[PDB]
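Colleague:
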Amino acid sequence: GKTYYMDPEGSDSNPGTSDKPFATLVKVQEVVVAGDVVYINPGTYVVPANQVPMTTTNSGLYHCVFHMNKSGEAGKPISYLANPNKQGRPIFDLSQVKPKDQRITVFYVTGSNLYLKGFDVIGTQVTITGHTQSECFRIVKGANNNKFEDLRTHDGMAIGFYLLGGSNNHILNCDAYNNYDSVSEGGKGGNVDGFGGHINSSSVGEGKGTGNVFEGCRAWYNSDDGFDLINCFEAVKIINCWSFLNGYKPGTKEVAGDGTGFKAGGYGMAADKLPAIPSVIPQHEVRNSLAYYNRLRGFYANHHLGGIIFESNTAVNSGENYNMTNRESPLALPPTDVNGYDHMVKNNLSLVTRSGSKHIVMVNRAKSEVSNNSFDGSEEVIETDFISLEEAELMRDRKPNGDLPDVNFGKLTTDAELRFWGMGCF
Ligand SMILES: [Ca+2]
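Last residue of the sequence shown: 448 in the authors' numbering, with the numbers rising by one and none dropped.
(1) In this structure, how does DSSP classify residue 203 when only helix, strand and coil are distinguished?
(2) Going by C-alpha distance, which of 318, 292, 327 is nearest residue 305?
(3) How far does the alpha helix (DSSP H) with residue 441 in it reach, from first residue to last?
(4) Thinking residue 316 and residue 288 are a contact (beta carbons under 8 angstroms), I'd like their distance in whole angstroms, please.
(5) For ligand 1, is there a heavy atom less than 7 angstroms away from the beta-carbon of residue 285?
(6) Would you say the beta carbon of residue 246 is closer than 7 angstroms to some non-hydrogen atom of ligand 1?
(7) Say yes only if the C-beta of residue 474 is nearer than 7 angstroms to one or more non-hydrogen atoms of ligand 1, and no if none qualify.
(8) Among 223, 299, 216, 178, which residue has its Cα nearest to the Cα of residue 283?
(9) Less than 8 angstroms separating the beta-carbons of residue 286 and residue 236?
(10) Within the continuous alpha helix (DSSP H) that includes residue 52, where are the two ends?
(11) Between residue 281 and residue 319, how many whole angstroms is the CB-CB distance? I'm expecting something under 8 angstroms.
(12) Under the criterion of a Cβ to heavy atom distance below 7 angstroms, does residue 280 qualify as lining ligand 1?
(13) Which residues mark the beginning and the end of the beta strand (DSSP E) in which residue 135 is found?
(14) Based on Cα-Cα distance, which residue from 275, 96, 195 lies nearest to residue 239?
(15) Check whether the region 207 to 215 and the region 168 to 175 are in contact - that is, three or more C-beta pairs closer than 8 angstroms.
(16) Taking only three categories from DSSP, how would you classify residue 127?
(17) Apart from the five residues on each side of it in sequence, which residues of its chain come closer than 7 angstroms, Cβ to Cβ, to residue 362?
(18) How many angstroms separate the CA atom of residue 440 from the CA atom of residue 221?
(19) Can you give, in chain order, each stretch of the beta strand (DSSP E) that sits fully within the region 55 to 125 and has at least 3 residues?
(20) Please report how far the alpha carbon of residue 73 lies from the alpha carbon of residue 49, in whole angstroms.
(21) How do the region 368 to 380 and the region 349 to 359 stand: do at least 3 beta-carbon pairs fall below 8 angstroms, yes or no?
(22) Bridge partners for residue 367 per DSSP, in chain order?
(23) Alpha carbons only, please: which of 395, 313, 24, 358 is nearest the one belonging to residue 379?
(24) Based on the DSSP output, what are the partners of residue 348 in its beta bridges?
(25) Which same chain residues end up closer than 8 angstroms to residue 435 when comparing Cβ atoms and leaving out the 5 residues on each side of it in sequence?
(26) Using only alpha-carbon positions, find the residue among 134, 396, 419 that is nearest to residue 97.
(27) For residue 200 and residue 272, which I take to be in contact (beta-carbon distance under 8 angstroms), what is that distance rounded to the nearest angstrom?
(28) Is the region 53 to 60 in contact with the region 76 to 87, if contact means three or more CB pairs nearer than 8 angstroms?
(29) To the nearest whole angstrom, what separates the beta carbons of residue 188 and residue 166, a pair I think is in contact under 8 angstroms?
(30) Taking only runs that begin and end inside the region 171 to 259, name each unbroken beta strand (DSSP E) of 3 or more residues, in chain order.
(31) Give a single yes or no on whether residue 250 has its beta carbon closer than 7 angstroms to a heavy atom of ligand 1.
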C-alpha cells in the first residue's frame with residue numbers, strides 16, 4: 023500500500039509525502055486504508071490545547087484525542103510506525119489537553135488489524151478532582167488482532183494501557199513508568215496503573231475477549247500497580263514482564279497507591295452489593311516475570327474467585343512477594359477472604375532482605391498445587407546466590423529492536439542454579 027509521513031513541522035494541507043509530510047494523526051486517520059503505513063518522524067508533537075476530540079465516549083465523559091477507528095485486514099494491517107530511517111523516538115506531548123470535566127483517552131482503539139510501534143505518550147492529564155482516571159490507550163469490544171509494540175507511556179497522569187474488551191491484542195515490549203495523578207483526590211498519586219486488563223461482560227467469548235497478552239513489558243513508578251487484572255472476564259496472560267517500584271511517587275519512596283507488581287485477578291470486595299462475575303472464572307497467568315521493590319506486594323491473586331497460574335517467576339524485596347488471597351466462594355456478603363484455592367504456583371523464586379518483606383502468604387497448599395518453589399525448600403535464598411541485584415539494570419535502555427535489555431539482575435549464579443534447579447524467571 024501507500025506510505026505516508028508525519029512530522030512536527032509538517033502540514034495537514036500537505037499530501038503526506040516524505041518531502042511534504044502531514045502534521046497530525048487526525049489527518050492520517052482521514053486517508054489511511056488497509057495496507058497503508060504511516061512513518062512518524064522523530065521529535066515532539068505537542069497536541070494543541072484547542073484540538074477538538076476525534077470522538078467522545080460514555081455520554082460525553084471522555085475526550086478521545088485520537089480515534090483509531092479504521093481497520094486493516096488479516097495480512098494487510100494499518101501500521102503507525104516510528105520512521106525507521108530517522109534516529110530517535112517520536113514523542114506525543116499531551117500536557118496542554120485539559121478539557122473541563124472530562125476524562126482523557128489519548129488513543130481510543132475500536133478498530134482491528136492495527137499495528138502501532140516505537141513512539142511515546144507523555145504528559146497525559148487528569149483535571150477532574152474526584153475519583154477518576156485517564157488512559158494513554160483504551161481498547162474496547164470489537165477491537166481485535168492488534169499489535170502494540172515498543173510503545174512508552176510515561177511521565178503523565180494516565181494509565182498506560184487499559185483493556186475493557188477486544189480479542190487477540192498483543193502488548194509487546196512496552197514501558198509504562200513515572201505515572202502519577204497529582205490532581206485528583208488531593209493528588210496522592212491515586213489510582214494509576216501501568217497496564218490494566220479488564221475485559222468486561224459485554225466482550226466475553228472465544229474470539230471476542232480471549233487471547234490478550236502483555237509480553238516483554240516493564241512497569242515502574244506507577245502510583246498504584248504495575249499490572250492489574252481486576253474485573254477481567256476472560257483469561258489474560260502476563261509473560262516475561264518486569265514490575266518494580268510501583269506504589270511510590272516517581273523517583274522517591276514516598277507512599278502513593280497500592281504498590282502491587284502483578285495484581286492477577288479479583289472482582290472486588292464490596293460490602294454493599296455483589297459484583298458482576300464471569301460464568302467461567304478465568305485462569306489468568308503470570309509466567310517468566312520479575313517483581314522488585316513494589317511498595318506492598320509482588321505477585322498477588324487479589325481476591326480472585328478461582329485459580330490462577332504463577333509459573334517460573336522471580337520476586338525480590340517486593341513486600342509480600344507472593345500473596346495467594348482469594349475471595350470466599352460462592353460469592354457472598356459480607357465479603358471475606360480465604361487462603362488461595364485452585365492455584366498453580368510452580369518453579370518460582372523469592373529473595374527477602376528488605377524490612378517487612380515476606381516470601382508467601384495466604385495460600386492453601388491442600389487446595390492449590392504449590393511445588394518446586396524456592397520458599398518451599400530448606401535453604402534460604404541469599405544475596406550471594408545472585409550474579410547481580412543492582413536495580414538500575416532494570417531501567418537500562420531497551421535494545422534497538424525493542425527487546426528487554428540484557429541484565430544480570432535476579433539471575434542465579436551457576437552454583438546457586440544447582441541448589442534452586444528450575445526456579446525463577448531466568
Ligand atoms: Ca490498580
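Note that beta-carbon positions come from the ideal geometry of N, C-alpha and C, so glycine has one too.
Modeller: Reading it off the structure:
(1) Against the sequence shown, residue 203 aligns to sequence position 181. Three-state DSSP puts residue 203 in a strand.
(2) As a working note, residue 305 is residue 283 in the sequence shown. It is 327.
(3) On the sequence shown, residue 441 is found 419 positions in, with the first residue counted as 1. Per DSSP, the continuous alpha helix (DSSP H) segment holding residue 441 begins and ends at 436 to 441.
(4) Taking the sequence shown and counting its residues from 1, one reaches residue 316 at position 294. Taking the sequence shown and counting its residues from 1, one reaches residue 288 at position 266. Wrong, their Cβ atoms sit about 16 angstroms apart, outside the cutoff.
(5) Mapped onto the sequence shown, residue 285 falls at position 263. Yes, since a heavy atom of ligand 1 falls inside the 7 angstroms radius drawn around the Cβ of residue 285.
(6) Taking the sequence shown and counting its residues from 1, the one referred to as residue 246 is at position 224. Yes - ligand 1 has a heavy atom lying nearer than 7 angstroms to the Cβ of residue 246.
(7) Examination of residue 474 is not possible in this model, given that the chain is present from 23 through 448 alone.
(8) Numbered from 1 along the sequence shown, position 261 holds the residue referred to as residue 283. A check of alpha carbon separations from residue 283 across 223, 299, 216, 178 identifies 216 as the nearest.
(9) Numbered from 1 along the sequence shown, position 264 holds the residue referred to as residue 286. Numbered from 1 along the sequence shown, position 214 holds the residue referred to as residue 236. Contact annotation: residue 286 and residue 236 have beta-carbon atoms that are not nearer than 8 angstroms.
(10) Here residue 52 refers to the residue found at position 30 when the sequence shown is read from its first residue. Going by DSSP, residue 52 is part of the alpha helix (DSSP H) stretching over 47 to 53.
(11) Taking the first residue of the sequence shown as position 1, residue 281 is located at position 259. Taking the first residue of the sequence shown as position 1, residue 319 is located at position 297. Taking 8 angstroms as the upper bound for CB-CB distance, residue 281 and residue 319 are in contact here, some 7 angstroms apart.
(12) Within the sequence shown, numbered from 1, the residue matching residue 280 stands at position 258. Checking the Cβ of residue 280 against ligand 1 gives yes.
(13) Taking the first residue of the sequence shown as position 1, residue 135 is located at position 113. Element bounds for residue 135: n/a, residue is neither H nor E.
(14) Counting from one through the sequence shown, the residue named residue 239 turns up at place 217. For residue 239, the nearest C-alpha among the options comes from 195.
(15) Contact between the region 207 to 215 and the region 168 to 175 is absent: fewer than three C-beta pairs spanning the two stretches fall below 8 angstroms.
(16) One-based indexing of the sequence shown puts residue 127 at position 105. Strand at residue 127.
(17) As a working mapping, residue 362 is identified with position 340 in the sequence shown. 323, 346, 347, 348, 384, 385, 386, 390.
(18) Numbered from 1 along the sequence shown, position 418 holds the residue referred to as residue 440. Numbered from 1 along the sequence shown, position 199 holds the residue referred to as residue 221. Rounded to the nearest angstrom, the two C-alpha atoms are 41 angstroms apart.
(19) Here the runs fully enclosed are 59 to 62, 65 to 68, 77 to 79, 84 to 90, 100 to 104, 112 to 115.
(20) Looking up residue 73 in the sequence shown gives position 51. Looking up residue 49 in the sequence shown gives position 27. Take the alpha-carbon of residue 73 and the one of residue 49: they are about 12 angstroms apart.
(21) Inter-segment contact for the region 368 to 380 and the region 349 to 359 is absent: fewer than three beta-carbon pairs are separated by less than 8 angstroms.
(22) For the purposes of this step, residue 367 is taken as the residue at position 345 of the sequence shown. Beta-bridge partners of residue 367 (DSSP): 332, 392.
(23) As a first step, residue 379 must be located in the sequence shown, where it is residue number 357. When only C-alpha atoms are compared, the closest one is 313.
(24) One-based indexing of the sequence shown puts residue 348 at position 326. Partner(s): 326, 360.
(25) Position 413 of the sequence shown, counting from 1, holds the residue named residue 435. Excluding sequence neighbours, residue 435 sits near 406, 407, 408, 409.
(26) Translated into positions along the sequence shown, residue 97 becomes position 75. Residue 97 has its Cα closest to that of 134, out of 134, 396, 419.
(27) Your numbering for residue 200 matches position 178 in the sequence shown. Your numbering for residue 272 matches position 250 in the sequence shown. Indeed, because the Cβ distance is near 4 angstroms, the residues count as touching under 8 angstroms.
(28) No: the two stretches stay apart, fewer than three of their Cβ pairs being nearer than 8 angstroms.
(29) Within the sequence shown, residue 188 is the residue found at index 166, counting from 1. Within the sequence shown, residue 166 is the residue found at index 144, counting from 1. Confirmed, about 6 angstroms.
(30) Those beta strand (DSSP E) runs which fall completely within the region 171 to 259 and span 3+ residues are 174 to 178, 181 to 185, 192 to 194, 197 to 201, 217 to 219, 235 to 237, 240 to 244.
(31) What you label residue 250 is simply residue 228 of the sequence shown in a count that begins at 1. The nearest non-hydrogen atom of ligand 1 is less than 7 angstroms from the C-beta of residue 250.
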